[PDB]
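*Asks:* here's a sequence, model it:
(chains A, B, C, D, E, F, G, H and I)
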Amino acid sequence: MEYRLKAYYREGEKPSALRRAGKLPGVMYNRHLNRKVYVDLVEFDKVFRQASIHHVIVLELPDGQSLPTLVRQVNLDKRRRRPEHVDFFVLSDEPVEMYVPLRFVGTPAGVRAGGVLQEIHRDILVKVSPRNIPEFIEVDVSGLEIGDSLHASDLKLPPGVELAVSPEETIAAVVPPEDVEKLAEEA
Amino acid sequence: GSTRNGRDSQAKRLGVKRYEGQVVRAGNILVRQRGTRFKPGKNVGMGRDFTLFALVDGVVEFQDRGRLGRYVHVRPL
Amino acid sequence: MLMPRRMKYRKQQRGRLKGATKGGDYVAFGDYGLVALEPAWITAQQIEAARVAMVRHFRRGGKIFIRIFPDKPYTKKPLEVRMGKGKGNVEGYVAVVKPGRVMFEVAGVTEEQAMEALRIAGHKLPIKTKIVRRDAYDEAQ
Amino acid sequence: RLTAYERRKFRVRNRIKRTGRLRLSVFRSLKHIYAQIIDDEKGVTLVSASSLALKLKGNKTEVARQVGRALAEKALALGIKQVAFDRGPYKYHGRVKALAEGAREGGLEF
Amino acid sequence: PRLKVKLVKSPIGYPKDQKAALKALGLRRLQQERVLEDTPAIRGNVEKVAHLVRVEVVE
RNA sequence: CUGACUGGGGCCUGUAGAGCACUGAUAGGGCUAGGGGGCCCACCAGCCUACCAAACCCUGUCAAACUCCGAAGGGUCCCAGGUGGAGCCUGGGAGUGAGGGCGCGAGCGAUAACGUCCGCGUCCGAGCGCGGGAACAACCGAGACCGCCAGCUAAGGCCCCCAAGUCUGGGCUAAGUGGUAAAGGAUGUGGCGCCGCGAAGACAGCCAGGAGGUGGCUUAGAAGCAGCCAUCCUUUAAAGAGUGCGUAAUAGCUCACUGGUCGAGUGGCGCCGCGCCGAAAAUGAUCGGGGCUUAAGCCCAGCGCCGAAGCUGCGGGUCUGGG
RNA sequence: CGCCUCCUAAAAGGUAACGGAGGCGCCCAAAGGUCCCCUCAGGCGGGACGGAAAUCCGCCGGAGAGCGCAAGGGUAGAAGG
RNA sequence: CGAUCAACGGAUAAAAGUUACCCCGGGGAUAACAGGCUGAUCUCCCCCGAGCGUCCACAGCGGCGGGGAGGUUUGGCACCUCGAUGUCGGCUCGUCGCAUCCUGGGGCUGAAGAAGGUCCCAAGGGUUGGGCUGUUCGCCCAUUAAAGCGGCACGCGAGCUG
RNA sequence: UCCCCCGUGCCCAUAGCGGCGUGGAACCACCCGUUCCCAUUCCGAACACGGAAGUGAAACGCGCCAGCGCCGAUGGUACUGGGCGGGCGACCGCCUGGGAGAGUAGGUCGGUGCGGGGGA
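*Replies:* Numbering: from 1, shown residues only, chains lettered A, B, ... in the order given. Right below this line is the structure:
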C-alpha cells in the first residue's frame, strides 16, 4: 500500500556520518533524474518491512514532491545485516519491472501428510503498470504431495501483468520432511 | 616423512622491457614474452620465441585493438 | 559427512580470514537462519553435529539448509613429529566462515522450534552466532 | 564466424599488410574486375582502375589485361612504382593474373 | 602562496622514503621551519610527511 | 644536477576485492536422460518409484595453483621540482656474507611458540647514550660535539613515593572491576528504542466461585490430571470434559477463567556503556607500592602545568663548503 | 641435489622453506622452409553392418579442439590439417 | 666426437665402513637433562543436551560437537649453559598448591535407617607395613580413617648409595 | 556538395546473435556451360575460364524490433596507499587520498575515413 517516507537530498555529507546520524544514505533515479538522498534509518526500516520492494513507496521530498517509488535494491552491512544505502527507483509512468508478493492460497495435501513445503521464489518478477501493481498473486498450493512442484507457468495473473521470468521456473516444491527416524542410520 | 615437491625452475624475467613513450634504438628487445600477449606491429619485429623488438628507431607505442589483440608500434622519430 | 568428492589440489594453504562474508549473507531458502558473527573455520564434524542437533530438536518435519560446505582440506602433521619434512596430512575438511555468513536456513517449521533448534546448533558450533528471520532485506537480496 | 573465402581473404591480406609496401587490392566480380592501390597506413585509395569504368568487353582475361595496363598508367603518372600485389581471396590465375601482367608490363614494380 | 613548514615530529623509525621526503624539504631537526613555495611537487613531499610536520600557508 | 623523494603525463601489471564467463568444487530444487526397484515381464515392451542419477535450467556458495573483471598501488620513461655526507664514473682499502625484534602481506606450523621462511618497512645490531613504559635491544618520544644552578615541548604524567591539578564540567562502575582469559549464564546497573494492556481500570495485593453427561481410541477398568483417536455444547458473572497433588479409584487444592476491593504504572522485547560469575598450581603477597570508590577508575570536553642529552638561549670546540 | 612449467610470490621483475603440484635428461629428414588449399571439438537429427563412440549428410559451434610429450602462455585473420 | 664430469659451475684419471679403545680444536651456532615460550598431546573444568535413568535431559549419567584452565606427560622451538647446569631409582630432610584420599562443615539424591553417590567450603593434621622388580609405575599381601594427586632442576650425589 | 551500390580501412559487439521487411535500375550475387586456363585426396562443391537464360530464393545490402547478447551509469560498498588506534588472538575500528567488481537505472539491432560506379 501507499507507504510515505520523508526524503532529504544529501548534498555533500559523508555517508558514514548519516549512517552514524540515524540516516540511511540512498539515491533516487529513473531514466530522467538522479539525486543523492538520505532517509531516517528507523523510518525506512519500519515502513520498508511493511514497504518491501513489492510495494510503492512515496518519498516525501522536502520541496513537497511525493514520489511513487520502488526499492530497486538496498545495500546491507554484511557484518551487521544492516541497510547501508538504498536504491530508490522513481516509479514514474511507462510501466516498469519489479517483484510482486505471492498469495499461496491453501495447504499442500502432502504437506498435511508430513512433508515440508519450500517456496522457491517468494516474490515474482513482472514488468507491470506503475499504477496497476497488484499487491498479491494467489496460487493453488493445496493439490500437492511430497515431491510435487509448481513453476512460473502455472501462476495465473491479474490484468496487465507480464511474468518476467522463465515460464518453466519452479517456485514451490514439497520435499520430504526432516525426521529423526532417518537419523539412527546417522547416529 | 619425505616430499615429492620442492623443485622450481629458474625465474625467466619475462615482461615488457620498454614502455610507451620511451625512445628506443633498433634491435632493442621490447617484450620478452611467451606466446603473443602483444603482437608485433608498426616497425616491430618478433623473433622465434615471440620476443618483440624494435625494427627501426623512435618511440614505443602500445596499442590495444580489442579483439585484435595488443599490438606494439615503433613510431619513428 | 560433507566432503568434496574430488578436487584439483589435495592439500591447500591456510590463508587469512579477515574481511566480511562475501556470499551467502541473506536468508535465501529457509525462514530462519543462524548467521555467523566472528570469522572462523567450521569442520565437517562441527557442521554435522549442528545438523544432527537441529534435526533431532525438530525430530519431525521441517527443512534444514546448510549454506556452507567444508571444502578446504584441514591439515595436521603426525603426532610428535618435528617441524618440516613436508606438509601435514589432511585431517579433514573445514569450511571458512566470515562474519555475516548466513550459515543455516531452517524452514517448514514453527518459529519457536526453528529458534531453539538454531540455538542448540549454535552451541554446537565454535563461533558466536545470531538466529535471524527471512526479511524484506532478505527478500530484496 | 568466417568462411574459407573470408579466412583466405584476411589470410593473404594480413600477409601483404605485413610488408608495408602499397597494396594492390583486386576485387573480381563475375562481370567485372576492380583494382586499386591502397596505403594501409592511411586507408586511402591512391589509384583506382575498374573494368566497369573502362567499359571494356571481350574475354574477361582480355579486360583484365587492359585494366591492368590502365591502372599501371594511372599509377605511374603518380610516381608509385613499388607496390605489393594482393590476390585477395582469389587464386593468382586467369583474370587476376592477366591484370597483374597488365601492371607489370604496364610499368609497375612487383 | 607559500608554506611555513615546521618539522614537529621525529622521522626516526619512519620509512626511509618519508625521511628522504624530509630532506627534499631540507628539514633536518625538530622545530625546524621553512617557508617554501607551494609547488605541486613540493606540496607532494609535504603531503607525504604531513603526519610528521606542521604546515601553515604563509606569504 | 643528473641523486633520494615529489608533482604532471604516458604505458605495464592481474594482487586485494569481486564474479562464476573457463576449470574445478558445490547446497537445494525443476527437469530428465540413463542405470535401480516394483509389477509386466520376456512374446517386449509399458506403467508406477518419495531410488540413485547425466545433461541442462533456477536459486545459493567456494577456489593459492579458476578469471567475464579489477583496484588501491608498484615499475619504467619524458618533463618539472629537488645543492644533497646527494648522484655518476675511475681507481685503493674494507668489513660484512650467524642476524634479531616489531608492523604489515604470505608459506610452514596447530591461524602454537621469544618458532621457522620469505616480501615491504623500521629499530637494534652499531644507539645496553637520553625521557616514558617500574624494572626491560629493538613498544611510545627522540638521533647524545661540549658546558650552563636558563627557557619551551614530545611520548608519558600532574593524590604520596615522584614534578606537575586531591584542577574544572558532564556522565558510568561498586566489581577494587579498574589492577588479567573464553564460550555460556545471569531481574547487576545506567541509558536507549520497540512494542501490550493500561479508568467500557492495568500488573499487582487480595476476596469470592471455577463445573456438567463423563462416554470417545477404553484401556493398567483415572469423562479431568494415564498411553491417547476426540473435544458437543450446557448451566443468564457463564470457568478448560484440567496445568499440575489424590486418581491402574471419588476426593479436596489450585490454575485459565467471573467480578469486586483497592488505583498507576505495569508487561514483555531488542540495542548499547560499564560491571558479576564462569576464574584452581606449587617459597610471601601486591595495581611498581602506599593506598584509591561523586576516584586517585572508565568515557567525553578543556585549560594549565610537569616532563629528554628533542628544540630554543649564551659560550666554546671541531669538520665541510663560501667569502 | 641439474634444467622446464604453475602457485607460493604480496597487479613491474626477483624473491625462502625437507612448501603445494607436475615434468625433462628426448623427438621430427619430416613434426624443418616456402607456396597453395582447408578449419576444429562438441551437440542434435538421418544414415546397412555399425554400436556410445568407424565412415557419410544436414544442422547449431570463436575455439571449449588441436598444436609430439608437463604446465602455462599463445593460437583458427593459425602456430591447427 | 668421447660426460649419469646427474653431488649436474664439474675438488683425483682413479676410493668404502667402523670406534663404547679413542684423541685434538671448536660449539649452547646444535642435540640428550633441566630450565624457558606454545599447550599439539596430557590432567582437570565448564557449554548444548541426544539418549539413559517405571516415567523424569540434568540423583546419577552426558552421544555428537563446543569453550577453557594448568603446565606435572609425550611433544614443538632451540633461548641461557658444551673453558661442564651430574641425568632414572632408593635413602634423609622437608616445604608448598589444592584439581581433597581421611579427618571437619554443608547441598541434592533414584538420601527410609545404615551405608552410599555427587557437588560445594575446607590444606590443620595424617596419609601404614610388606612381597616382586634397579625401577618410578603397577600388581599383590595385611591392614587402615584414608592408604591423595602434584611442585619444588621429573626437589634434594660440595647430603648418602650407584 | 545529398541518396544508393561496390571495394576498402579504422574504431573493436553499443558493432554481435536472433527474428522482421526489404533491394535487381545498376552493382554484386545467385545462376548457364565446362572446350579452353585451372581443379577435385570423388565431385565445376571449391577453385578457374567462357557467359548472360532466368533470380534476388540464397547470399549479400539496407531499414525495424532489446528476446538473447554486449555496453552500462549515479550512488554505496568491498578493498587500499598513508596516519592513527583497538583487540589475548582470530581480527576490528577511525582520519585523509584512492576506489572497485557485482548489481541498478539506462543504452546499443553501429560509427568512421578513403576510392570507384549510379543517381539527385
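*Asks:* next structured bit after the longest helix along chain A?
*Replies:* For chain A, the helix with the greatest residue count under DSSP state H is helix A:41-50. Once the chain leaves helix A:41-50, the next helix or strand it forms, by DSSP states H and E, is strand A:57-60.
*Asks:* what lines up beside that following strand in the sheet?
*Replies:* Here strand A:57-60 is paired, per DSSP bridges, with strand A:3-6 (parallel), strand A:66-77 (antiparallel).
*Asks:* got the CA positions of it in PDB?
*Replies:* Only the C-alpha atoms of strand A:57-60 are listed here, as PDB (Å, rounded to 0.1, in the frame of the first residue of the first chain):
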ATOM      1  CA  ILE A  57       6.800   4.000  -1.500                       C
ATOM      2  CA  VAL A  58       6.100   7.700  -1.900                       C
ATOM      3  CA  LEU A  59       9.100   9.700  -0.900                       C
ATOM      4  CA  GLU A  60       8.000  12.900   0.700                       C
END
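*Asks:* is it anywhere near RNA strand I?
*Replies:* No - Strand A:57-60 is not in contact with RNA strand I by CB under 7 Å from any atom of the strand; minimum separation 14.1 Å. C-beta coordinates here come from the backbone N, C-alpha and C atoms, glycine included.
*Asks:* check which helices and strands the longest strand anywhere in chain C is in contact with.
*Replies:* Ranked by residue count, the top strand of chain C under DSSP state E comes out as strand C:89-97. Using 3 or more CB pairs under 8 Å, 6 or more residues apart in numbering or on different chains; DSSP states H and E, the elements in contact with strand C:89-97 are strand C:40-43, helix C:44-58, strand C:72-76.
*Asks:* so which bits of the helix or strand following it are buried?
*Replies:* Sequence-wise, the next helix or strand downstream of strand C:89-97 (DSSP H and E) is strand C:102-106. Within strand C:102-106, the residues scored as buried using 16 or more other CB atoms under 10 Å in any protein chain shown are C:102-106.
*Asks:* relative to residue B:25, which of the helices and strands packed on strand C:89-97 is closest?
*Replies:* The closest of these to residue B:25 is strand C:72-76. By CB to CB, the value is 52.4 Å.
*Asks:* does RNA strand G sit close to that closest one?
*Replies:* No - using CB under 7 Å from any atom of the strand, strand C:72-76 stays clear of RNA strand G, with a minimum separation of 8.9 Å.
*Asks:* would you mind listing what in chain A touches RNA strand F?
*Replies:* Residues of chain A lying near RNA strand F (CB under 7 Å from any atom of the strand): A:42, A:113-115, A:118, A:120-121, A:146-147, A:149, A:151, A:166, A:168-170, A:173, A:175-176.
*Asks:* take the buried residues of strand C:102-106 and lay them out in CSV including distance to residue D:86.
*Replies:* Formatted as CSV, the buried residues of strand C:102-106 follow (distance: CB to CB, whole Å):
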residue, distance to residue D:86
C:102, 64
C:103, 66
C:104, 69
C:105, 66
C:106, 72
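*Asks:* with those residues in mind, which one is nearest to residue D:89?
*Replies:* For the buried residues of strand C:102-106, the residue nearest residue D:89 by CB to CB is residue C:102; the value is 59.9 Å.
*Asks:* show me what contacts that closest one?
*Replies:* By CB atoms under 8 Å, 6 or more residues apart in numbering or on different chains, residue C:102 lies in contact with C:21, C:24-28, C:33-36, C:67, C:132.
*Asks:* tell me what it is bridged to.
*Replies:* Residues in beta-bridge contact with residue C:102 (DSSP bridges): residue C:35.
*Asks:* and the one residue in chain B that gets nearest to RNA strand I, what are its phi and psi?
*Replies:* Minimum separation of chain B from RNA strand I (CB to the nearest atom of the strand) falls at residue B:66, amounting to 2.2 Å. The phi/psi pair for residue B:66 (degrees, to the nearest 10) reads phi 60, psi -120.
*Asks:* how about residue D:74?
*Replies:* Residue torsions, per degrees, to the nearest 10, at residue D:74 are phi -60, psi -40.
*Asks:* just the element for residue E:9, please.
*Replies:* Assigned by DSSP H and E, residue E:9 falls outside every helix and strand.
*Asks:* angle of the longest strand of chain C against strand C:102-106?
*Replies:* 80 degrees (axes from the mean of the first three to the mean of the last three CA atoms, to 10 degrees).
*Asks:* could you list the residues in contact with strand C:89-97?
*Replies:* Against strand C:89-97 from outside (CB under 8 Å, 6+ apart): C:2-4, C:10-11, C:15, C:17, C:21, C:36, C:39-45, C:47, C:68-78, C:103, C:127.
*Asks:* so which elements touch the longest helix of chain A?
*Replies:* Using 3+ CB pairs under 8 Å, 6+ apart, helix A:41-50 sits against strand A:3-6, strand A:23-29, strand A:82-90.
*Asks:* next up, the contacts around the residue most central in space within chain B.
*Replies:* The structure's chain B has its C-alpha centroid closest to residue B:31; by CA atoms, centre = their mean the separation is 1.5 Å. Residues near residue B:31 by CB under 8 Å, 6+ apart: B:15-17, B:37-38, B:51-52, B:72.
*Asks:* filter the residues you listed down to the buried ones.
*Replies:* Among the contacts of residue B:31, those scoring as buried are B:16-17, B:38, B:51-52, B:72 (criterion: 16+ other CB under 10 Å).
*Asks:* need those in JSON lines (columns: distance to chain C).
*Replies:* Listed next are the buried ones among the contacts of residue B:31 as JSON lines, based on distance: CB to the nearest CB, whole Å:
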{"residue": "B:16", "distance to chain C": "30"}
{"residue": "B:17", "distance to chain C": "32"}
{"residue": "B:38", "distance to chain C": "30"}
{"residue": "B:51", "distance to chain C": "32"}
{"residue": "B:52", "distance to chain C": "33"}
{"residue": "B:72", "distance to chain C": "35"}
